Every structure is written in structure tokens, then in C-alpha cells.
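Peer 1: Quick one: the structure is below, and I'll ask about it shortly.
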Amino acid sequence: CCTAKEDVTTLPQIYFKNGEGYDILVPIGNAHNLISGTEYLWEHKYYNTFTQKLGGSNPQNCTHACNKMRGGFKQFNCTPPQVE
RNA sequence: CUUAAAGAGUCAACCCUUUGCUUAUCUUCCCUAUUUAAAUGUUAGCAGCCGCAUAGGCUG
């Protein structure tokens, strides 16, 4: 079941240095991080955070986690302090 | 060589109705203000006639 698939379409593509050259790099999301972050920051009540529902109004499209956890995946609120 | 690359959130709203804050009272008792000197810079730069002069002189 666990194999590979490659579609850089719609996928951010950034350069990152290899030390003496560059390496064009595609950042994709982590599945363990998303579901584990939702469960843990809900069960230890972390509230300086966001909520994002992946898929839109039909969350059966993206993944199976999307389809089940339709309440919304939780993202960290990475807002810095503001002066004055 | 930036999760780079890119995108209209628009829309509408009756908050509102009523009310008892009341009552009460010892601020009082005492006090060393004190002492001492130059109005000076000279002081007031004035009162009038001699003249066209608000130019220049005289008079005390």
C-alpha cells in the first residue's frame, strides 16, 4: 500500500543552498504533524493557535484525515509581539 | 533566486422597558519667628530771550 507518487503541480518550489550550490526544494506537509498536533493541542488545551479546514466545503477530496476531522486542522498562531 | 508564483467577501439590522440608598455621628489638645542693615550710581539732565529753525548762543 505504501508507495510513491510525484506531482509538483501546485506545489511551492523554493531554492535552498547545499553549501556550495543550490538545491531546488518542494516543501510538502506532514501528516503525523497535522493530526498529532490537532489531538495534542486539543488535549493539552493550547489556545494560542489557529484553525484551518482543508478541502473547503467538501473535505472528502483532499485526504481521509480531512474527511474525518471536519472540525478543522489546528495551526500555530505565529504572531510576534507588536511595539507601542 | 523568499511554502517563491496568484486571487474583490461582500450584504442587512429598533436593544428596550422599570426602579427610594438610606440611616448615624465631639477632630481635638500645645506652640518665642528672629535679627539687622546708608538708596545708592554724583541723579534730573531744568525755568526764558537772542534768533526763521525743533541749527547755534545767553541767563541762574
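Just remember, in the C-alpha cells the first chain shown is A, the second B, etc., residues are 1-based per chain, and ligands are 1-based in the order shown.
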Near chain B, meaning an atom within 6 Å, which residues of chain A appear when counting only C-alpha atoms (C1' of nucleotides)? Write them as a count of residues only.
Peer 2: 3
Peer 1: Residues of chain A classed as strand (DSSP E or B) by DSSP on the backbone are to be reported as a PDB file with N, CA, C and O atoms, in the first residue's frame.
Peer 2:
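Output (result-v5.pdb):
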ATOM      1  N   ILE A  14      11.013  26.225  -3.853  1.00  0.00           N
ATOM      2  CA  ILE A  14      11.968  27.212  -3.373  1.00  0.00           C
ATOM      3  C   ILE A  14      13.375  26.658  -3.527  1.00  0.00           C
ATOM      4  O   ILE A  14      13.586  25.442  -3.572  1.00  0.00           O
ATOM      5  N   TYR A  15      14.340  27.564  -3.621  1.00  0.00           N
ATOM      6  CA  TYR A  15      15.746  27.198  -3.638  1.00  0.00           C
ATOM      7  C   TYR A  15      16.278  27.172  -2.215  1.00  0.00           C
ATOM      8  O   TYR A  15      15.883  27.995  -1.385  1.00  0.00           O
ATOM      9  N   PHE A  16      17.156  26.218  -1.934  1.00  0.00           N
ATOM     10  CA  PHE A  16      17.850  26.143  -0.658  1.00  0.00           C
ATOM     11  C   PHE A  16      19.291  25.755  -0.943  1.00  0.00           C
ATOM     12  O   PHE A  16      19.545  24.901  -1.797  1.00  0.00           O
ATOM     13  N   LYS A  17      20.232  26.388  -0.245  1.00  0.00           N
ATOM     14  CA  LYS A  17      21.639  26.158  -0.541  1.00  0.00           C
ATOM     15  C   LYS A  17      22.098  24.797  -0.036  1.00  0.00           C
ATOM     16  O   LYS A  17      21.646  24.304   1.000  1.00  0.00           O
ATOM     17  N   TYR A  22      23.083  25.350  -5.096  1.00  0.00           N
ATOM     18  CA  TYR A  22      21.679  25.470  -4.741  1.00  0.00           C
ATOM     19  C   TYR A  22      20.969  24.154  -5.007  1.00  0.00           C
ATOM     20  O   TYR A  22      21.456  23.288  -5.737  1.00  0.00           O
ATOM     21  N   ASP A  23      19.806  24.013  -4.380  1.00  0.00           N
ATOM     22  CA  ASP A  23      19.025  22.785  -4.425  1.00  0.00           C
ATOM     23  C   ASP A  23      17.558  23.179  -4.414  1.00  0.00           C
ATOM     24  O   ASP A  23      17.052  23.651  -3.394  1.00  0.00           O
ATOM     25  N   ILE A  24      16.887  23.005  -5.551  1.00  0.00           N
ATOM     26  CA  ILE A  24      15.502  23.442  -5.669  1.00  0.00           C
ATOM     27  C   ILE A  24      14.622  22.449  -4.919  1.00  0.00           C
ATOM     28  O   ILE A  24      14.705  21.232  -5.124  1.00  0.00           O
ATOM     29  N   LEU A  25      13.799  22.965  -4.016  1.00  0.00           N
ATOM     30  CA  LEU A  25      13.217  22.154  -2.963  1.00  0.00           C
ATOM     31  C   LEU A  25      11.727  22.433  -2.873  1.00  0.00           C
ATOM     32  O   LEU A  25      11.308  23.593  -2.884  1.00  0.00           O
ATOM     33  N   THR A  49      -3.369  29.615  18.869  1.00  0.00           N
ATOM     34  CA  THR A  49      -3.320  28.759  17.694  1.00  0.00           C
ATOM     35  C   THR A  49      -4.453  29.152  16.757  1.00  0.00           C
ATOM     36  O   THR A  49      -5.320  29.952  17.104  1.00  0.00           O
ATOM     37  N   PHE A  50      -4.426  28.584  15.552  1.00  0.00           N
ATOM     38  CA  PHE A  50      -5.419  28.858  14.521  1.00  0.00           C
ATOM     39  C   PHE A  50      -6.211  27.591  14.230  1.00  0.00           C
ATOM     40  O   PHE A  50      -6.003  26.543  14.847  1.00  0.00           O
ATOM     41  N   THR A  51      -7.132  27.695  13.274  1.00  0.00           N
ATOM     42  CA  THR A  51      -7.900  26.549  12.801  1.00  0.00           C
ATOM     43  C   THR A  51      -8.067  26.682  11.298  1.00  0.00           C
ATOM     44  O   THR A  51      -8.473  27.744  10.815  1.00  0.00           O
ATOM     45  N   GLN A  52      -7.759  25.622  10.560  1.00  0.00           N
ATOM     46  CA  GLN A  52      -7.908  25.611   9.110  1.00  0.00           C
ATOM     47  C   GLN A  52      -8.575  24.312   8.682  1.00  0.00           C
ATOM     48  O   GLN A  52      -8.082  23.224   8.997  1.00  0.00           O
ATOM     49  N   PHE A  73      -8.273  21.387  10.984  1.00  0.00           N
ATOM     50  CA  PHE A  73      -6.917  21.203  11.474  1.00  0.00           C
ATOM     51  C   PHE A  73      -6.424  22.471  12.154  1.00  0.00           C
ATOM     52  O   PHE A  73      -6.764  23.588  11.757  1.00  0.00           O
ATOM     53  N   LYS A  74      -5.612  22.285  13.186  1.00  0.00           N
ATOM     54  CA  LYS A  74      -5.122  23.370  14.019  1.00  0.00           C
ATOM     55  C   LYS A  74      -3.717  23.768  13.600  1.00  0.00           C
ATOM     56  O   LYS A  74      -2.837  22.916  13.446  1.00  0.00           O
ATOM     57  N   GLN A  75      -3.519  25.066  13.422  1.00  0.00           N
ATOM     58  CA  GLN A  75      -2.230  25.630  13.065  1.00  0.00           C
ATOM     59  C   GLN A  75      -1.767  26.552  14.182  1.00  0.00           C
ATOM     60  O   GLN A  75      -2.586  27.164  14.870  1.00  0.00           O
ATOM     61  N   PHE A  76      -0.454  26.636  14.372  1.00  0.00           N
ATOM     62  CA  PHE A  76       0.104  27.528  15.377  1.00  0.00           C
ATOM     63  C   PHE A  76      -0.100  28.980  14.971  1.00  0.00           C
ATOM     64  O   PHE A  76       0.116  29.359  13.818  1.00  0.00           O
TER      65      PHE A  76
END
Peer 1: Which neighbours of residue 6 (chain A) fall inside 12 Å, counting only C-alpha atoms (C1' of nucleotides), when residues of the same chain fewer than 4 positions from it are skipped, and could you give them as number ranges by chain?
Peer 2: A: 10-11, 26, 28
Peer 1: What gap, in Å, lies between CA of residue 33 (chain A) and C1' of residue 6 (chain B)?
Peer 2: 27.1 Å
Peer 1: May I have all residues of region 21-65 of chain A that DSSP, computed from the backbone, assigns to helix (DSSP H, G or I), given as a list in words?
Peer 2: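 Output for region 21-65 of chain A, helix (DSSP H, G or I) only: residues 31, 32, 33, 34, 35, 36, 37, 38, 39, 40, 41, 42, 43, 64 and 65 of chain A.
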Peer 1: So what do you get for CA of residue 72 (chain A) versus CA of residue 54 (chain A), distance-wise?
Peer 2: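 Pair CA of residue 72 (chain A) / CA of residue 54 (chain A) returns 7.0 Å.
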Peer 1: Separation of CA of residue 42 (chain A) and CA of residue 56 (chain A), in Å?
Peer 2: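 Rounded to one decimal, the two atoms are 21.5 Å apart.
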